[PDB]
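Chains as they are written, first to last, in PDB author numbering: chain D, 56 to 140, 149 to 188, 193 to 210; chain B, 57 to 140, 148 to 188, 193 to 211; chain C, 222 to 276; chain A, 221 to 276.
Just so it is clear, CB atoms sit at the ideal spot from N, CA and C, and this is done for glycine as well.
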Ligand SMILES: O=C(O)Cc1c(-c2ccccc2)c2cc(Cl)ccc2[nH]c1=O
Ligand SMILES: O=C(O)Cc1c(-c2ccccc2)c2cc(Cl)ccc2[nH]c1=O
Ligand SMILES: [Mg+2]
Ligand SMILES: [Mg+2]
């Protein structure tokens with residue numbers, strides 16, 4: 056897979072919206088609890104992600120927040136190609160499993176989400196997802 | 057060395073911007089946080105610790121950085137704290160400079176902050196800061 | 222390098238992306254599909270591939 | 221080793237600790253803070269493990 060392809064999707068827990076991004080080639084993920092499942096929140100999440108990693112292509116479903124004009128504006132500003140229409152779907156299930164494992168270690172869901180992201184990215188198989200994405204991108208960097 | 061970070065807060069438009077810089081690379085991350093508290097600082101650290109190998113954080117003695125909540129987060133994530148160079152202070156000025164250049168391109172400050180972080184990390188020298200941190204960390208992974 | 226997003230027919234949702242043809246101090250001239258439109262500056266958002274250029 | 225407890229007592233809102241975890245009940249926890257043994261209700265105690273540290 057290309058080092059610049061990401062999949063984004065939303066999942067829900069305890070009445071709150073969780074926006075999840077996965078680097079397809081590595082399995083590395085990032086997640087945020089967002090106050091509303093809107094294009095404004097999705098566009099802000101993408102600009103943060105695009106500043107951290109080389110984000111060239113994002114694949115989402117046709118959720119209204121992902122097709123919003125605000126997201127189109129952010130992707131044009133950051134140089135991100137959008138494509139519409149199971150890695151992230153299975154990742155939502157994996158994230159929810161890890162959240163439940165550590166849920167009692169935190170009062171707020173947002174804390175447990177970031178605990179679960181930590182565990183997912185640091186767990187070794193071997194390399195961890197966090198080690199794989201760093202390795203994949205560094206190899207892609209030209210001399 | 058690839059796990060050393062400097063964190064500090066700066067202010068614009070009455071709002072608090074929490075900035076983390078990977079000292080060895082100059083790579084930065086920034087968030088506008090609703091309050092300059094240990095609660096918000098600890099949440100920022102847990103997110104940061106999940107992205108990068110964060111082993112040591114250098115801050116000043118701001119109450120949010122010395123708070124018990126942050127000590128709790130650092131204990132959970134395995135982060136060593138050290139208090140009391149100028150890299151982050153000089154980075155706050157650099158970040159504010161880029162924010163003003165792109166401020167009119169966005170209504171909300173939080174949007175301009177993330178535009179400025181993008182520009183700082185993608186700008187070529193040469194390598195960019197975003198390329199350097201990935202290179203530094205990957206080199207420490209592949210050589211072990 | 223430029224894409225324009227805009228509002229016009231009393232529709233609050235931002236339309237576009239449109240091609241930027243000319244930029245005046247009070248309005249911009251854009252092309253969306255086969256229709257050429259004149260949009261006031263306050264009702265238009267000219268967005269640059271600014272981050273894209275910093276590659 | 222693996223557990224640190226932060227707590228509030230004496231009507232003081234600032235979190236004290238870290239304290240050693242002796243026992244965790246559903247209603248209270250038994251802790252030791254610098255030779256002092258204390259019993260603290262669950263809502264006034266936060267038991268934090270180096271879970272991420274060990275998992276990483
Ligand atoms: O419970 C939450 O979701 C986070 C949280 C923590 C905390 C921070 C890191 C790991 C686990 C919990 C906390 C910790 C202390 Cl020592 C005091 C107040 C605190 N208040 C909070 O809200
Ligand atoms: O102005 C902000 O701070 C972000 C923002 C954008 C925007 C997003 C990325 C780059 C530039 C502006 C926006 C864009 C459109 Cl086409 C419609 C509504 C919008 N509303 C917003 O709030
Ligand atoms: Mg979906
Ligand atoms: Mg400071």
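Interface residues of chain B around residue i at Cβ under 8 Å?
i, result
"residue 271 (chain A)", "132"
"residue 266 (chain A)", "128"
"residue 247 (chain A)", "Near residue 247 (chain A) there are no residues of chain B at all, since even the closest Cβ is about 22 Å away, more than 8 Å."
How would you list, in chain order, the residues of chain D whose beta-carbon sits under 8 Å from the beta-carbon of residue i?
i, result
"residue 107 (chain B)", "85, 107, 184 and 197"
"residue 260 (chain C)", "Those do not exist, as residue 260 (chain C) stays about 14 Å from chain D at its closest Cβ, beyond 8 Å."
Can you tell me the Cα-Cα spacing of residue i and residue j, whole angstroms?
i, j, result
"residue 68 (chain B)", "residue 164 (chain B)", "14 Å"
"residue 108 (chain D)", "residue 242 (chain C)", "33 Å"
"residue 180 (chain B)", "residue 263 (chain A)", "39 Å"
"residue 134 (chain D)", "residue 116 (chain D)", "20 Å"
"residue 122 (chain D)", "residue 171 (chain D)", "30 Å"
"residue 129 (chain B)", "residue 266 (chain A)", "12 Å"
"residue 86 (chain D)", "residue 166 (chain D)", "15 Å"
"residue 95 (chain B)", "residue 235 (chain A)", "12 Å"
"residue 270 (chain A)", "residue 168 (chain D)", "11 Å"
"residue 199 (chain D)", "residue 274 (chain A)", "20 Å"
"residue 64 (chain D)", "residue 230 (chain A)", "46 Å"
"residue 187 (chain B)", "residue 276 (chain C)", "7 Å"
"residue 84 (chain D)", "residue 177 (chain D)", "10 Å"
"residue 208 (chain B)", "residue 57 (chain D)", "21 Å"
"residue 239 (chain A)", "residue 224 (chain A)", "6 Å"
"residue 174 (chain D)", "residue 149 (chain B)", "31 Å"
"residue 227 (chain C)", "residue 162 (chain D)", "41 Å"
"residue 156 (chain B)", "residue 125 (chain D)", "29 Å"
"residue 153 (chain B)", "residue 100 (chain D)", "26 Å"
"residue 211 (chain B)", "residue 205 (chain B)", "10 Å"
"residue 103 (chain B)", "residue 222 (chain A)", "22 Å"
"residue 196 (chain D)", "residue 78 (chain D)", "9 Å"
"residue 251 (chain A)", "residue 76 (chain B)", "35 Å"
"residue 144 (chain B)", "residue 93 (chain D)", "This model leaves out residue 144 (chain B); its place in chain B lies between 140 and 148, and no residues are given there."
"residue 97 (chain D)", "residue 258 (chain A)", "47 Å"
"residue 260 (chain C)", "residue 132 (chain D)", "21 Å"
"residue 158 (chain D)", "residue 183 (chain D)", "8 Å"
"residue 233 (chain A)", "residue 119 (chain B)", "15 Å"
"residue 254 (chain C)", "residue 237 (chain C)", "10 Å"
Give the DSSP bridge partners of residue i, in chain order.
i, result
"residue 63 (chain B)", "B:76"
"residue 115 (chain B)", "B:139"
"residue 251 (chain A)", "A:241 and A:258"
"residue 68 (chain B)", "B:71"
"residue 187 (chain D)", "D:195"
"residue 236 (chain A)", "A:227"
Looking at the unbroken beta strand (DSSP E) that takes in residue i, where does it start and where does it end?
i, result
"residue 226 (chain C)", "223-227"
"residue 85 (chain D)", "84-89"
"residue 258 (chain C)", "256-261"
"residue 266 (chain A)", "265-269"
On the DSSP letters alone, give me the boundaries of the alpha helix (DSSP H) that residue i sits inside.
i, result
"residue 94 (chain B)", "94-107"
"residue 199 (chain D)", "196-207"
"residue 132 (chain D)", "124-133"
"residue 155 (chain D)", "150-165"
Find the residues of chain C that neighbour residue i, judging by a C-beta separation of less than 9 Å, and give them in chain order.
i, result
"residue 174 (chain D)", "Chain C residues near residue 174 (chain D): none, gap ~31 Å exceeds 9 Å."
Going along chain C, which residues have a C-beta under 7 Å from residue i?
i, result
"residue 181 (chain B)", "272"
Can you name the residues of chain D whose CB is closer than 7 Å to the CB of residue i?
i, result
"residue 103 (chain B)", "177"
"residue 205 (chain B)", "201, 202 and 205"
"residue 224 (chain C)", "131"
"residue 238 (chain C)", "127 and 131"
"residue 234 (chain C)", "124"
Going along chain D, which residues have a C-beta under 9 Å from residue i?
i, result
"residue 209 (chain B)", "202 and 205"
Quick one: list the residues of chain A neighbouring residue i, beta-carbon separation under 8 Å, in chain order.
i, result
"residue 165 (chain D)", "271"
"residue 95 (chain D)", "Here the premise fails: no neighbours, minimum Cβ distance about 31 Å."
Taking Cβ-Cβ distances shorter than 7 Å, what residues in chain A pair up with residue i?
i, result
"residue 137 (chain D)", "Chain A residues near residue 137 (chain D): none, gap ~33 Å exceeds 7 Å."
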